[PDB]
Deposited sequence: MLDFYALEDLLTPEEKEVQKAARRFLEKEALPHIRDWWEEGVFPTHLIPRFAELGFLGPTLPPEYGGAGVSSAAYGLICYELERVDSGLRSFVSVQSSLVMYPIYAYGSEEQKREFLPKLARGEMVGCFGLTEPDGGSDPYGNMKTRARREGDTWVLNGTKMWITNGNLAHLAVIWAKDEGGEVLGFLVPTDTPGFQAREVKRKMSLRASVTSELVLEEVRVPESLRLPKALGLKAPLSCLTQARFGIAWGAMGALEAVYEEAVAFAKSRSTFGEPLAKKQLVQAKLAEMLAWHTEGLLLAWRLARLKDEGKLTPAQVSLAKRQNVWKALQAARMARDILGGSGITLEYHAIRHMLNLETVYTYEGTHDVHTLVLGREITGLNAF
């Protein structure tokens, strides 16, 4: 992996093998098809069982529930390699691991845990997280118009932009009565999932609109410990962690491609790579990558030692994704005409990162998170 300040020297042998392993895998199995799957706008479902065979699904979870029980650094490292190929592939794992497996493990009943975690871990049953609604996801609580009225519940509302919306059997829905979380099977009557069309970003992924019309759900399917905005938020903190890592991976990809191109093309007689203005762009790309890996690494250790805070996560997601988005654009610029075609990746990552830059908290909401943490004043 790209590593200027040798942070690998700080990884365990276990962490570095999952990295080596994730790369050989994705390099054999996904990378040769990424262009075509993005172009056609389709998510490669024959890869879910493979991710699963490699332990990409809920990696840090306990083997008891079918988890790989590896470190957070390792989870971050698989996200890194996944995103290095395409953010859509990384999105699937994030959702399944931190937005589905995670809440069940953290807030589910022992019944829910034994029942779902193993099938989710083995890519045998796919899930999706429904928090964002049409009035706007930056206000998670304020725009949550999905209701839940109670030994069975009846759900009514809508969710927008839900990843795995049409692939999932299980949908973690968040509604109000007070915020609660339900494990809603997608085939229970009154539940409809419709895919979003005309997507110019994160095409290698399924995004749906969820419509719950008088959907019936037993109390045995409501997350017992799931209480308040804090429950789904903790789920975003988890997801955001992997993303701060993946962002660095897509950055390696556009960077690597940019210097190769810069080095093979020439201009007023030197090589593109010899010009000061192109060198400055690459220098910036390298500097950002190095800064990003350290944030991600540091956050991985704090996470396992139980001292990681959401604001800390907000910082790394905000910074890393912003850098990756900027780097993707700079790379497309460097590629010139050749960069407007899916022949190079730079623009695929550039578009994909526009989404990553938006979901799991926009650049601005994270700014506010940090802002409030710094001043103690709420400016949202």
property	result
Unmodelled intervals of the deposited chain, in order	151-152, 180-182
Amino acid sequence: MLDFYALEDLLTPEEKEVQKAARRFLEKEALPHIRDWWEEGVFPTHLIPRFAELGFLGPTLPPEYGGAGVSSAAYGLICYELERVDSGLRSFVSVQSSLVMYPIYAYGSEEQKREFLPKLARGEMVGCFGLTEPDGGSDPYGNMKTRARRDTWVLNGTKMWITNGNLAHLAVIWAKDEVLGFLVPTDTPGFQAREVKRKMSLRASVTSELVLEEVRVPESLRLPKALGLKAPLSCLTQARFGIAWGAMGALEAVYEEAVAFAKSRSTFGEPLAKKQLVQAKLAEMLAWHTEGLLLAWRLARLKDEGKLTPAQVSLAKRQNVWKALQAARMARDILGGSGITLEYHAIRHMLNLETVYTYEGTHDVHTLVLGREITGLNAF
From here on, numbers count along this sequence of modelled residues.
property	result
Comparing 329-337 with 42-50, the one whose average Cα B-factor in the PDB entry is higher	42-50
Of 276-284 and 303-311, the stretch whose C-alpha atoms average the higher B-factor in the entry	303-311
Selection from 251, 296, 175, 258 [criterion: highest C-alpha temperature factor in the record]	175
Most elevated Cα B-factor in the entry, residues 140, 292, 242, 103	140
Residue 80 by Cα B-factor - lowest, middle or highest third of the modelled chain	lowest
Where the record places residue 322 (Cα B-factor, split into thirds across the chain)	lowest
Residue 57 - Cα temperature factor, lowest/middle/highest third of chain	middle
Third of chain Cα B-factors occupied by residue 132	middle
Chain-wide C-alpha B factor ranking for residue 347, given as lowest, middle or highest third	lowest
